[PDB]
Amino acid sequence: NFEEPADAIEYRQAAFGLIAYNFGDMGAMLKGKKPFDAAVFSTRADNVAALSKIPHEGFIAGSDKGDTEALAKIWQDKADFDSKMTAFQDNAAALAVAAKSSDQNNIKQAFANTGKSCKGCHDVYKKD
């Protein structure tokens, strides 16, 4: 569905920028930068879970050139990339469900598990 590689890059960059903004607001609440607000937290969690479904489609073959932070390694080891992306989606979904209840510890763990997805993929597949 992408006419040019720049379109696939823009698609996936846009999605991750939206992810990072919404995920960072949950982090701010859990880290104590701002008070925990259950209603906003749940919107943020719902948003990350839905947005997690988006960027994978942009990682098309032949889109490592130009203005992207994606490494060529993605396409050398695509099944591992895909495994990490799936695990991220599943972790984000689990965070959304945790955010529908009051148990704070369950939220904290789900957030942490999701965060470990970001870092695990970042470390292998994104430019420093």
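When you see a residue number, it is the position in the sequence shown, counting from 1.
Q: Which is higher on average in the deposited entry, the C-alpha temperature factors of 60 to 68 or of 84 to 92?
A: Higher mean C-alpha B-factor in the PDB entry: 60 to 68.
Q: Which wins on mean Cα temperature factor, 26 to 34 or 70 to 78?
A: Going by the record's values, the stretch with the higher mean is 26 to 34.
Q: What third of the chain does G120 rank in for C-alpha temperature factor, lowest, middle or highest?
A: Its C-alpha B-factor, which the entry lists for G120, ranks in the highest third among residues of this chain.
Q: Quick check on the deposited entry: does the C-alpha B-factor of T114 sit in the lowest, middle or highest third of its chain?
A: It falls in the middle third of the chain.
Q: If you rank every modelled residue in this chain by C-alpha B factor, which third holds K100: lowest, middle or highest?
A: For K100, the deposited C-alpha B-factor lands in the highest third.
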